[PDB]
$ cat query.cif   # mmCIF, C-alpha atoms; chains and numbers go by the auth columns
data_run
#
loop_
_atom_site.group_PDB
_atom_site.id
_atom_site.type_symbol
_atom_site.label_atom_id
_atom_site.label_comp_id
_atom_site.label_asym_id
_atom_site.label_seq_id
_atom_site.Cartn_x
_atom_site.Cartn_y
_atom_site.Cartn_z
_atom_site.B_iso_or_equiv
_atom_site.auth_seq_id
_atom_site.auth_asym_id
ATOM 1 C CA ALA A 1 -41.301 -37.871 9.682 0.00 1 K
ATOM 2 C CA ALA A 2 -45.065 -38.367 9.739 0.00 2 K
ATOM 3 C CA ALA A 3 -47.642 -35.544 9.944 0.00 3 K
ATOM 4 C CA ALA A 4 -49.115 -32.479 11.562 0.00 4 K
ATOM 5 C CA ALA A 5 -48.668 -30.747 14.926 0.00 5 K
ATOM 6 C CA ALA A 6 -49.175 -27.273 16.345 0.00 6 K
ATOM 7 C CA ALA A 7 -50.069 -25.044 13.412 0.00 7 K
ATOM 8 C CA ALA A 8 -51.017 -21.372 13.055 0.00 8 K
ATOM 9 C CA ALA A 9 -52.803 -18.158 14.079 0.00 9 K
ATOM 10 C CA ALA A 10 -54.707 -18.176 17.352 0.00 10 K
ATOM 11 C CA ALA A 11 -55.338 -16.622 20.770 0.00 11 K
ATOM 12 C CA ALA A 12 -53.373 -17.371 23.887 0.00 12 K
ATOM 13 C CA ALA A 13 -52.800 -17.180 27.617 0.00 13 K
ATOM 14 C CA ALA A 14 -50.033 -17.943 30.129 0.00 14 K
ATOM 15 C CA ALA A 15 -51.182 -18.911 33.604 0.00 15 K
ATOM 16 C CA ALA A 16 -51.956 -21.627 36.080 0.00 16 K
ATOM 17 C CA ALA A 17 -55.369 -20.834 37.541 0.00 17 K
ATOM 18 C CA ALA A 18 -57.891 -22.341 35.142 0.00 18 K
ATOM 19 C CA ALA A 19 -60.576 -24.940 34.986 0.00 19 K
ATOM 20 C CA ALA A 20 -59.742 -28.550 35.676 0.00 20 K
ATOM 21 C CA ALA A 21 -59.376 -31.061 32.918 0.00 21 K
ATOM 22 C CA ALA A 22 -61.405 -34.179 32.406 0.00 22 K
ATOM 23 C CA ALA A 23 -58.511 -36.468 31.620 0.00 23 K
ATOM 24 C CA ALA A 24 -58.139 -39.678 29.717 0.00 24 K
ATOM 25 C CA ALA A 25 -55.228 -41.795 30.870 0.00 25 K
ATOM 26 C CA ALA A 26 -55.271 -41.487 34.617 0.00 26 K
ATOM 27 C CA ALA A 27 -52.563 -43.729 36.052 0.00 27 K
ATOM 28 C CA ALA A 28 -49.483 -45.046 34.323 0.00 28 K
ATOM 29 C CA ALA A 29 -50.947 -46.326 31.069 0.00 29 K
ATOM 30 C CA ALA A 30 -50.542 -44.022 28.078 0.00 30 K
ATOM 31 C CA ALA A 31 -51.114 -44.668 24.442 0.00 31 K
ATOM 32 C CA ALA A 32 -48.184 -45.036 22.080 0.00 32 K
ATOM 33 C CA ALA A 33 -49.004 -48.552 21.013 0.00 33 K
ATOM 34 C CA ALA A 34 -46.870 -49.467 18.024 0.00 34 K
ATOM 35 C CA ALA A 35 -48.150 -52.781 16.750 0.00 35 K
ATOM 36 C CA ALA A 36 -51.305 -51.452 15.111 0.00 36 K
ATOM 37 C CA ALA A 37 -49.068 -48.399 14.315 0.00 37 K
ATOM 38 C CA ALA A 38 -51.006 -45.475 15.697 0.00 38 K
ATOM 39 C CA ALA A 39 -50.325 -43.563 18.872 0.00 39 K
ATOM 40 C CA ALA A 40 -51.861 -40.161 19.404 0.00 40 K
ATOM 41 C CA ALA A 41 -53.302 -39.985 15.900 0.00 41 K
ATOM 42 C CA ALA A 42 -56.295 -42.218 15.865 0.00 42 K
ATOM 43 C CA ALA A 43 -57.789 -43.384 19.114 0.00 43 K
ATOM 44 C CA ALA A 44 -56.623 -40.362 21.022 0.00 44 K
ATOM 45 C CA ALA A 45 -58.363 -38.059 18.595 0.00 45 K
ATOM 46 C CA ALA A 46 -61.250 -40.474 18.224 0.00 46 K
ATOM 47 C CA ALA A 47 -62.293 -41.293 21.767 0.00 47 K
ATOM 48 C CA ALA A 48 -61.821 -37.635 22.590 0.00 48 K
ATOM 49 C CA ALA A 49 -64.862 -37.055 20.420 0.00 49 K
ATOM 50 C CA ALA A 50 -66.903 -39.303 22.656 0.00 50 K
ATOM 51 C CA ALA A 51 -66.469 -36.905 25.533 0.00 51 K
ATOM 52 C CA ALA A 52 -68.004 -34.196 23.404 0.00 52 K
ATOM 53 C CA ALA A 53 -70.274 -36.802 21.865 0.00 53 K
ATOM 54 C CA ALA A 54 -71.297 -37.346 25.423 0.00 54 K
ATOM 55 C CA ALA A 55 -71.024 -33.673 26.257 0.00 55 K
ATOM 56 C CA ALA A 56 -74.251 -32.611 24.716 0.00 56 K
ATOM 57 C CA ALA A 57 -76.726 -35.145 26.028 0.00 57 K
ATOM 58 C CA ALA A 58 -77.455 -37.202 22.947 0.00 58 K
ATOM 59 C CA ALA A 59 -80.123 -35.622 20.771 0.00 59 K
ATOM 60 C CA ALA A 60 -78.609 -35.131 17.339 0.00 60 K
ATOM 61 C CA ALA A 61 -76.099 -37.930 17.465 0.00 61 K
ATOM 62 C CA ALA A 62 -75.359 -38.764 13.830 0.00 62 K
ATOM 63 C CA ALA A 63 -71.627 -39.094 13.554 0.00 63 K
ATOM 64 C CA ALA A 64 -69.786 -37.735 10.552 0.00 64 K
ATOM 65 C CA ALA A 65 -66.116 -38.637 10.271 0.00 65 K
ATOM 66 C CA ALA A 66 -63.694 -36.739 8.131 0.00 66 K
ATOM 67 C CA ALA A 67 -60.240 -36.131 7.292 0.00 67 K
ATOM 68 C CA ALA A 68 -57.519 -38.700 6.826 0.00 68 K
ATOM 69 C CA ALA A 69 -56.394 -40.533 3.760 0.00 69 K
ATOM 70 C CA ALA A 70 -55.032 -44.031 3.915 0.00 70 K
ATOM 71 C CA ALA A 71 -51.266 -44.411 3.833 0.00 71 K
ATOM 72 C CA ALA A 72 -50.705 -44.828 7.533 0.00 72 K
ATOM 73 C CA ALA A 73 -53.175 -44.385 10.379 0.00 73 K
ATOM 74 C CA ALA A 74 -55.083 -41.177 11.206 0.00 74 K
ATOM 75 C CA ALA A 75 -58.730 -40.073 11.460 0.00 75 K
ATOM 76 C CA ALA A 76 -60.601 -36.988 12.548 0.00 76 K
ATOM 77 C CA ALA A 77 -63.114 -35.271 14.680 0.00 77 K
ATOM 78 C CA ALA A 78 -66.109 -34.697 12.595 0.00 78 K
ATOM 79 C CA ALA A 79 -69.035 -33.384 14.426 0.00 79 K
ATOM 80 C CA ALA A 80 -72.040 -34.829 16.036 0.00 80 K
ATOM 81 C CA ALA A 81 -75.269 -34.429 14.126 0.00 81 K
ATOM 82 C CA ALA A 82 -76.588 -30.965 13.672 0.00 82 K
ATOM 83 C CA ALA A 83 -74.694 -29.388 16.496 0.00 83 K
ATOM 84 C CA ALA A 84 -71.859 -26.974 16.581 0.00 84 K
ATOM 85 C CA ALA A 85 -70.127 -30.221 17.527 0.00 85 K
ATOM 86 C CA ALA A 86 -67.453 -29.729 14.891 0.00 86 K
ATOM 87 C CA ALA A 87 -64.788 -30.954 17.169 0.00 87 K
ATOM 88 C CA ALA A 88 -60.996 -31.039 16.935 0.00 88 K
ATOM 89 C CA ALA A 89 -59.812 -29.594 13.639 0.00 89 K
ATOM 90 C CA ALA A 90 -59.575 -25.916 14.083 0.00 90 K
ATOM 91 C CA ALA A 91 -57.607 -23.081 12.671 0.00 91 K
ATOM 92 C CA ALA A 92 -57.446 -21.396 16.031 0.00 92 K
ATOM 93 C CA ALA A 93 -55.185 -23.429 18.269 0.00 93 K
ATOM 94 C CA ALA A 94 -55.446 -21.480 21.484 0.00 94 K
ATOM 95 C CA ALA A 95 -51.898 -21.732 22.708 0.00 95 K
ATOM 96 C CA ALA A 96 -50.550 -21.299 26.196 0.00 96 K
ATOM 97 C CA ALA A 97 -48.251 -18.322 25.964 0.00 97 K
ATOM 98 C CA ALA A 98 -44.720 -19.316 26.984 0.00 98 K
ATOM 99 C CA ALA A 99 -43.425 -21.018 23.973 0.00 99 K
ATOM 100 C CA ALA A 100 -43.679 -24.791 23.635 0.00 100 K
ATOM 101 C CA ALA A 101 -47.158 -24.869 25.092 0.00 101 K
ATOM 102 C CA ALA A 102 -49.757 -25.254 22.337 0.00 102 K
ATOM 103 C CA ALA A 103 -53.175 -26.813 22.955 0.00 103 K
ATOM 104 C CA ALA A 104 -55.575 -27.397 20.064 0.00 104 K
ATOM 105 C CA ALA A 105 -59.312 -26.883 20.405 0.00 105 K
ATOM 106 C CA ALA A 106 -62.175 -29.321 20.416 0.00 106 K
ATOM 107 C CA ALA A 107 -65.034 -26.931 19.699 0.00 107 K
ATOM 108 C CA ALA A 108 -68.470 -27.022 21.346 0.00 108 K
ATOM 109 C CA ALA A 109 -72.132 -26.157 21.000 0.00 109 K
ATOM 110 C CA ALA A 110 -72.954 -22.817 19.545 0.00 110 K
ATOM 111 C CA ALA A 111 -70.658 -21.335 22.060 0.00 111 K
ATOM 112 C CA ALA A 112 -67.114 -21.180 23.394 0.00 112 K
ATOM 113 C CA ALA A 113 -65.093 -24.353 23.305 0.00 113 K
ATOM 114 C CA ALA A 114 -62.727 -26.741 25.043 0.00 114 K
ATOM 115 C CA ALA A 115 -59.116 -27.752 24.364 0.00 115 K
ATOM 116 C CA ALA A 116 -57.157 -31.008 24.283 0.00 116 K
ATOM 117 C CA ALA A 117 -53.393 -31.227 24.736 0.00 117 K
ATOM 118 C CA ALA A 118 -50.717 -33.886 24.983 0.00 118 K
ATOM 119 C CA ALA A 119 -49.426 -34.062 28.566 0.00 119 K
ATOM 120 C CA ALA A 120 -45.882 -35.318 27.941 0.00 120 K
ATOM 121 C CA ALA A 121 -44.448 -34.893 24.459 0.00 121 K
ATOM 122 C CA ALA A 122 -43.453 -37.155 21.584 0.00 122 K
ATOM 123 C CA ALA A 123 -43.839 -36.933 17.886 0.00 123 K
ATOM 124 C CA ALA A 124 -43.334 -39.084 14.901 0.00 124 K
ATOM 125 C CA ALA A 125 -40.977 -41.889 15.057 0.00 125 K
ATOM 126 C CA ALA A 126 -41.685 -41.007 18.578 0.00 126 K
ATOM 127 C CA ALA A 127 -40.659 -41.534 22.213 0.00 127 K
ATOM 128 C CA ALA A 128 -42.602 -40.696 25.305 0.00 128 K
ATOM 129 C CA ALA A 129 -45.884 -42.024 26.606 0.00 129 K
ATOM 130 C CA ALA A 130 -48.313 -39.348 25.725 0.00 130 K
ATOM 131 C CA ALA A 131 -51.088 -39.479 28.141 0.00 131 K
ATOM 132 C CA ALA A 132 -53.741 -37.143 26.736 0.00 132 K
ATOM 133 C CA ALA A 133 -55.957 -34.515 28.381 0.00 133 K
ATOM 134 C CA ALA A 134 -58.794 -32.098 27.532 0.00 134 K
ATOM 135 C CA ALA A 135 -59.072 -28.695 29.231 0.00 135 K
ATOM 136 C CA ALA A 136 -62.372 -28.327 30.898 0.00 136 K
ATOM 137 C CA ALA A 137 -64.652 -25.564 29.650 0.00 137 K
ATOM 138 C CA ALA A 138 -67.616 -27.854 29.016 0.00 138 K
ATOM 139 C CA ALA A 139 -70.042 -29.839 31.135 0.00 139 K
ATOM 140 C CA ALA A 140 -70.770 -33.467 32.031 0.00 140 K
ATOM 141 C CA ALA A 141 -73.424 -35.645 30.442 0.00 141 K
ATOM 142 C CA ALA A 142 -74.663 -38.372 32.796 0.00 142 K
ATOM 143 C CA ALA A 143 -72.213 -39.349 35.396 0.00 143 K
ATOM 144 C CA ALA A 144 -71.224 -42.703 33.841 0.00 144 K
ATOM 145 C CA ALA A 145 -68.749 -41.481 31.214 0.00 145 K
ATOM 146 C CA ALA A 146 -67.410 -38.909 33.650 0.00 146 K
ATOM 147 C CA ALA A 147 -66.310 -41.994 35.547 0.00 147 K
ATOM 148 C CA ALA A 148 -64.548 -43.706 32.655 0.00 148 K
ATOM 149 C CA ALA A 149 -62.435 -40.860 31.581 0.00 149 K
ATOM 150 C CA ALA A 150 -61.112 -39.841 34.979 0.00 150 K
ATOM 151 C CA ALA A 151 -61.711 -36.301 36.172 0.00 151 K
ATOM 152 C CA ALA A 152 -59.240 -34.137 38.067 0.00 152 K
#

$ encode --input "query.cif" --output "structure tokens"
Amino acid sequence: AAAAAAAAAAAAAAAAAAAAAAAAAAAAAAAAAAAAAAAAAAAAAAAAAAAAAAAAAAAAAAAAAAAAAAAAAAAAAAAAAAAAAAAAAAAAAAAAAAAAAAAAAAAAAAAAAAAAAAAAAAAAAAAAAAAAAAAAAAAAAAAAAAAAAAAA
């Protein structure tokens, strides 16, 4: 077994009607790739930042990273410059109510925040294709990146 997953004390909901989600892997290519030995740890977390890093139109852009330590592959969310941009790591993991549904939170400007959840599931020595998604309470930056991550 490898490392962390859904964690601790938060706030919840159970429903369908919601915002959309700007979504990363649109059609039939999802990221487990096993040769470089990282699947939903590194790039998934990483590139997700970019969306936020795009989210606020770049002003304070200095990128801090944070969090892993080198024994296998992981990295972390650390904020943009001088924003509230502190991004993925959160205590609150606002979790959809009925049980197995838990979506962690990529936080936002000095504000409320968005959330990013695995669409299928798989874990450590792991199985499914994962394709990732980020729930949508946020805005868009300048249409370009909105068109690389695919909306929905």

$ residues_around --input "query.cif" --residues "residue K:39" --least-positions-apart "2" --cutoff "10 Å" --atoms "only C-alpha atoms" --output "count of residues only"
21

$ atom_distance --input "query.cif" --atom1 "atom CA of residue K:92" --atom2 "atom CA of residue K:54"
23.1 Å

$ closest_residue --input "query.cif" --among "K:46, K:69, K:12, K:136" --to "residue K:102" --atoms "only C-alpha atoms"
K:12

$ closest_residue --input "query.cif" --among "K:98, K:52, K:88, K:60" --to "residue K:116" --atoms "all atoms listed in the file"
K:88

$ resolve_selection --input "query.cif" --expression "the PyMOL selection byres ((chain K and resi 118) around 9)" --output "JSON, numbers by chain"
{"K": [40, 103, 116, 117, 119, 120, 121, 122, 130, 131, 132, 133, 134]}

$ write_last_selection --input "query.cif" --atoms "C-alpha atoms" --output "compact mmCIF listing (two decimals), in the frame of the given file"
# COMPACT_ATOMS: atom_id res chain seq x y z
CA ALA K 40 -51.86 -40.16 19.40
CA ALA K 103 -53.18 -26.81 22.96
CA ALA K 116 -57.16 -31.01 24.28
CA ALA K 117 -53.39 -31.23 24.74
CA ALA K 119 -49.43 -34.06 28.57
CA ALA K 120 -45.88 -35.32 27.94
CA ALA K 121 -44.45 -34.89 24.46
CA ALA K 122 -43.45 -37.16 21.58
CA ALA K 130 -48.31 -39.35 25.72
CA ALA K 131 -51.09 -39.48 28.14
CA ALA K 132 -53.74 -37.14 26.74
CA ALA K 133 -55.96 -34.52 28.38
CA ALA K 134 -58.79 -32.10 27.53

$ residues_around --input "query.cif" --residues "residue K:140" --least-positions-apart "3" --cutoff "9 Å" --atoms "all atoms listed in the file" --output "PDB file with C-alpha atoms, in the coordinates of the input"
ATOM      1  CA  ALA K  51     -66.469 -36.905  25.533  1.00  0.00           C
ATOM      2  CA  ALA K  54     -71.297 -37.346  25.423  1.00  0.00           C
ATOM      3  CA  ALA K  55     -71.024 -33.673  26.257  1.00  0.00           C
ATOM      4  CA  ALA K  56     -74.251 -32.611  24.716  1.00  0.00           C
ATOM      5  CA  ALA K  57     -76.726 -35.145  26.028  1.00  0.00           C
ATOM      6  CA  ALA K 143     -72.213 -39.349  35.396  1.00  0.00           C
ATOM      7  CA  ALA K 145     -68.749 -41.481  31.214  1.00  0.00           C
ATOM      8  CA  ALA K 146     -67.410 -38.909  33.650  1.00  0.00           C
TER       9      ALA K 146
END

$ atom_distance --input "query.cif" --atom1 "atom CA of residue K:25" --atom2 "atom CA of residue K:138"
18.7 Å

$ residues_around --input "query.cif" --residues "residue K:109" --least-positions-apart "4" --cutoff "9 Å" --atoms "all atoms listed in the file" --output "NGL selection string"
:K and (56 or 83-86 or 113)

$ decode --input "query.cif" --residues "stretch 55-150 of chain K" --atoms "C-alpha atoms" --output "short mmCIF file (atom, residue, chain, number, x, y, z; two decimals), in the first residue's frame"
data_model
loop_
_atom_site.label_atom_id
_atom_site.label_comp_id
_atom_site.auth_asym_id
_atom_site.auth_seq_id
_atom_site.Cartn_x
_atom_site.Cartn_y
_atom_site.Cartn_z
CA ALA K 55 -8.17 30.86 -12.52
CA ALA K 56 -7.06 34.14 -11.13
CA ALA K 57 -5.78 35.99 -14.17
CA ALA K 58 -2.05 35.98 -13.59
CA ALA K 59 -0.95 38.81 -11.32
CA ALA K 60 0.86 37.24 -8.39
CA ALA K 61 2.07 34.13 -10.12
CA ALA K 62 5.07 32.97 -8.09
CA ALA K 63 4.67 29.26 -7.63
CA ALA K 64 5.52 27.62 -4.34
CA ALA K 65 5.51 23.83 -4.29
CA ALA K 66 5.27 21.82 -1.14
CA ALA K 67 4.71 18.58 0.34
CA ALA K 68 6.15 15.28 -0.79
CA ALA K 69 9.31 13.53 0.19
CA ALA K 70 11.22 11.36 -2.21
CA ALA K 71 10.70 7.62 -1.92
CA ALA K 72 8.20 7.22 -4.70
CA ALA K 73 6.40 9.90 -6.69
CA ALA K 74 4.11 12.60 -5.25
CA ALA K 75 3.99 16.41 -5.14
CA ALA K 76 1.58 19.06 -3.96
CA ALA K 77 -0.53 22.06 -4.56
CA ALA K 78 1.24 24.96 -3.11
CA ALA K 79 -0.30 28.23 -3.84
CA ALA K 80 0.16 30.88 -6.39
CA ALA K 81 1.97 33.98 -5.21
CA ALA K 82 0.29 36.08 -2.63
CA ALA K 83 -3.19 34.83 -3.21
CA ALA K 84 -5.47 32.69 -1.18
CA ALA K 85 -4.38 30.28 -3.90
CA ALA K 86 -3.40 27.64 -1.37
CA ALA K 87 -4.81 24.91 -3.45
CA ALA K 88 -5.41 21.21 -2.84
CA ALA K 89 -4.26 20.21 0.63
CA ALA K 90 -7.06 20.92 2.95
CA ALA K 91 -8.35 19.63 6.21
CA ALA K 92 -11.91 20.11 5.09
CA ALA K 93 -12.67 17.57 2.41
CA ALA K 94 -16.21 18.52 1.52
CA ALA K 95 -17.70 15.11 0.97
CA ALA K 96 -20.78 14.14 -0.96
CA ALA K 97 -23.09 12.65 1.62
CA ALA K 98 -23.94 9.05 0.69
CA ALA K 99 -20.93 7.18 1.74
CA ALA K 100 -18.14 6.47 -0.73
CA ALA K 101 -18.37 9.91 -2.26
CA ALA K 102 -15.57 12.14 -0.98
CA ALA K 103 -14.24 15.10 -2.97
CA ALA K 104 -11.25 17.08 -1.70
CA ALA K 105 -11.02 20.84 -2.08
CA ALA K 106 -8.79 23.00 -4.20
CA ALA K 107 -9.23 26.31 -2.39
CA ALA K 108 -9.60 29.72 -4.06
CA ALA K 109 -9.12 33.45 -3.70
CA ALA K 110 -10.10 34.98 -0.44
CA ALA K 111 -13.39 33.29 -0.82
CA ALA K 112 -15.23 30.00 -1.16
CA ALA K 113 -13.51 27.25 -3.07
CA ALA K 114 -13.69 24.48 -5.65
CA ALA K 115 -13.33 20.70 -5.41
CA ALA K 116 -11.55 17.99 -7.39
CA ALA K 117 -12.55 14.33 -7.36
CA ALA K 118 -11.56 11.10 -9.05
CA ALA K 119 -14.29 10.04 -11.49
CA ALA K 120 -13.79 6.27 -11.47
CA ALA K 121 -11.89 4.76 -8.56
CA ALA K 122 -8.55 3.04 -8.03
CA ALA K 123 -5.95 3.23 -5.36
CA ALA K 124 -2.50 2.01 -4.75
CA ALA K 125 -1.27 -0.96 -6.53
CA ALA K 126 -4.23 0.18 -8.44
CA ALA K 127 -6.71 -0.70 -11.19
CA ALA K 128 -9.06 1.59 -13.00
CA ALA K 129 -8.40 4.51 -15.29
CA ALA K 130 -9.00 7.47 -13.11
CA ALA K 131 -10.05 10.28 -15.25
CA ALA K 132 -10.00 13.33 -12.98
CA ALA K 133 -12.43 16.23 -12.56
CA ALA K 134 -12.80 19.52 -10.64
CA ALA K 135 -16.21 20.74 -9.44
CA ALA K 136 -16.93 24.13 -10.78
CA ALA K 137 -17.36 26.94 -8.27
CA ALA K 138 -14.74 29.20 -9.85
CA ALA K 139 -14.42 31.19 -13.05
CA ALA K 140 -12.50 31.05 -16.34
CA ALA K 141 -9.34 32.97 -17.14
CA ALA K 142 -8.96 33.64 -20.87
CA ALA K 143 -10.72 31.20 -23.03
CA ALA K 144 -7.60 29.31 -24.20
CA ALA K 145 -7.06 27.05 -21.18
CA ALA K 146 -10.80 26.56 -20.86
CA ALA K 147 -10.37 24.85 -24.21
CA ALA K 148 -7.54 22.53 -23.18
CA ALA K 149 -9.12 21.13 -20.14
CA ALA K 150 -12.52 20.33 -21.60
#
